[PDB]
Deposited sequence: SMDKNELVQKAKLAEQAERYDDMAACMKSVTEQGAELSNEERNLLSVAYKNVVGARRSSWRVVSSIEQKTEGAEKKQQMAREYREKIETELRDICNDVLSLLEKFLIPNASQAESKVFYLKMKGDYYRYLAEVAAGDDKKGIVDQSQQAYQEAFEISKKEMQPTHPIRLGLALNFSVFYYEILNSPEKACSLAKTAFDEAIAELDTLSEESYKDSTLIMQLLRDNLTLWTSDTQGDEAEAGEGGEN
């Protein structure tokens, strides 16, 4: 099975909303060693976001039922752990591809910031369902991946680049939900918004993507300050 045929089946799977099939196709494309193109890198990101997202949504529901209810309590607990496993298996697959193929092959600063942001993303997803001594190590792994990607983007990217703005959006989300630091979250999002606004006076062809992330940066700022 050649790479160009795996990619086509992955694009067909995205149209059919068959995201488990999409991730399996992009996983085999990545495991061939060749550096991912811009399209293939997006296909892999979209595939695993939907795959991990379905279990994330399922987890928050069964976890809330387990908390908000004896015999029925157990079944909510046991079912939540089954989803929790699935969730952990998906993240470990992504972080294995990033550690073994994606990050080592990233020769451009744009690709490095992308894969390093995604590494902090899936360590954050693990932290959402983590508890105890294990949780502390995962959270630190997520903050180190975000903080790294933050500093190549600050030195190699313009303030209006969608990858830099998207990383600042997820990094600030990490600070609010994972570290429980609303001040560091609001400061990070407000700085990225204003630096991009200041640069807007002096970007092209990425109009739609950057302005959408700028709105999400201000949306999160509005909601977080309301929790004074």
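> Write out the missing regions of the deposited sequence in sequence order, one range per stretch.
Seq positions lacking coordinates: 1, 71 to 73, 207, 234 to 246.
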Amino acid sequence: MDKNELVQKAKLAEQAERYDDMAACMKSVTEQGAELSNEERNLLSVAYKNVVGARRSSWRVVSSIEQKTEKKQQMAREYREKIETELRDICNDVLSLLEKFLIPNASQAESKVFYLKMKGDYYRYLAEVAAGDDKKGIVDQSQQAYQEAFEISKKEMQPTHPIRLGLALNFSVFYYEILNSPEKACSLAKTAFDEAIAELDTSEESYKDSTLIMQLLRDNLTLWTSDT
From here on, numbers count along this sequence of modelled residues.
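Each form is matched to the other, and the largest set of C-alpha atoms that superpose within 1.5 Å is called the rigid core.
> After superposing on the rigid core, which of 193 to 201 and 34 to 42 has its C-alpha atoms sitting farther from this form in 8 other deposited structures of this protein?
With the rigid core superposed, the C-alphas that lie farther in 8 other deposited structures of this protein are those of 193 to 201.
> Please indicate which stretch deviates more in 8 other deposited structures of this protein: 91 to 99 or 72 to 80, judged by C-alpha RMS distance after a core superposition?
The stretch that sits farther from the shown form in 8 other deposited structures of this protein is 72 to 80.
> Per the record, averaged over C-alpha atoms, which has the higher B-factor: 204 to 212 or 5 to 13?
According to the entry, 204 to 212 carries the higher average C-alpha B-factor.
> Tell me which stretch has the larger mean Cα B-factor in this entry, 30 to 38 or 50 to 58.
It is 30 to 38.
> Looking at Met157, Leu87, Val94, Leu116, which has the highest Cα B-factor in the entry?
Of the candidates given, the C-alpha B-factor peaks at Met157.
> Going by the CA temperature factor in the PDB record, which third of the chain does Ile65 belong to: lowest, middle or highest?
Highest third, going by the recorded CA B-factors of the chain.
> By the record's CA B-factor, is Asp194 among the lowest, middle or highest third of residues in the chain?
It belongs to the lowest third of the chain when residues are ordered by C-alpha B-factor.
> What third of the chain does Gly132 rank in for C-alpha temperature factor, lowest, middle or highest?
It belongs to the highest third of the chain when residues are ordered by C-alpha B-factor.
> Report the third (lowest, middle or highest) to which the CA temperature factor of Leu126 belongs, ranking only the modelled residues of the same chain.
It falls in the bottom third of the chain.
> Select lowest, middle or highest to describe the third in which the CA B-factor of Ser45 falls within its chain in this entry.
Ranked within chain, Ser45 CA B lands in the lowest tercile.
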